[PDB]
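To keep things clear, I will list the structure first and then write my remarks on it.
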Ligand SMILES: [Mg+2]
């Protein structure tokens, strides 16, 4: 389902310090970028 603002931001912070995630999230969105590097969202 839909993420809260804080949930989305928690994913964004992790991806921001991974240049490869960061770039991937540009066009793939934060969720698939997150999960591609870090696995299924846990919450
Ligand atoms: Mg933040």
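Heads up, chain A uses Swiss-Prot numbers, so what you see runs 55-97.
Recorded method is X-ray crystallography, 1.4 Å.
Each residue, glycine too, has its Cβ placed from N, Cα and C.
Record features, source Swiss-Prot:
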BINDING   63  Ca(2+) 1 binding site
BINDING   67, 70  Ca(2+) 2 binding site
BINDING   70, 76  Ca(2+) 3 binding site
DISULFID  69-75  disulfide bond
MOD_RES   63  4-carboxyglutamate
MOD_RES   67  4-carboxyglutamate
MOD_RES   70  4-carboxyglutamate
MOD_RES   77  4-carboxyglutamate
Would you identify which of the recorded positions 67, 70, 76, 77 has the most other C-beta atoms lying within 10 angstroms of its C-beta? 76
Expressed in Å to no decimal places, the gap between the Cα atoms of residue 67 (Ca(2+) 2 binding site) and residue 76 (Ca(2+) 3 binding site) is 10
Work through the recorded positions one by one (63, 76, 77) and name whichever has its CA nearest to the CA of residue 69 (disulfide bond). 76
Listed recorded positions adjacent to ligand 1, that is, members of 63, 67, 75, 77 whose C-beta is under 6 A away: 63, 67
Rounded to the nearest Å - Cα separation of residue 70 (Ca(2+) 2 binding site) and residue 76 (Ca(2+) 3 binding site): 5
Length of the line joining the Cα atoms of residue 76 (Ca(2+) 3 binding site) and residue 63 (Ca(2+) 1 binding site), in Å: 13
Candidate with sparsest Cβ neighbourhood (10 Å radius) among 63, 69, 75, the listed recorded positions: 63
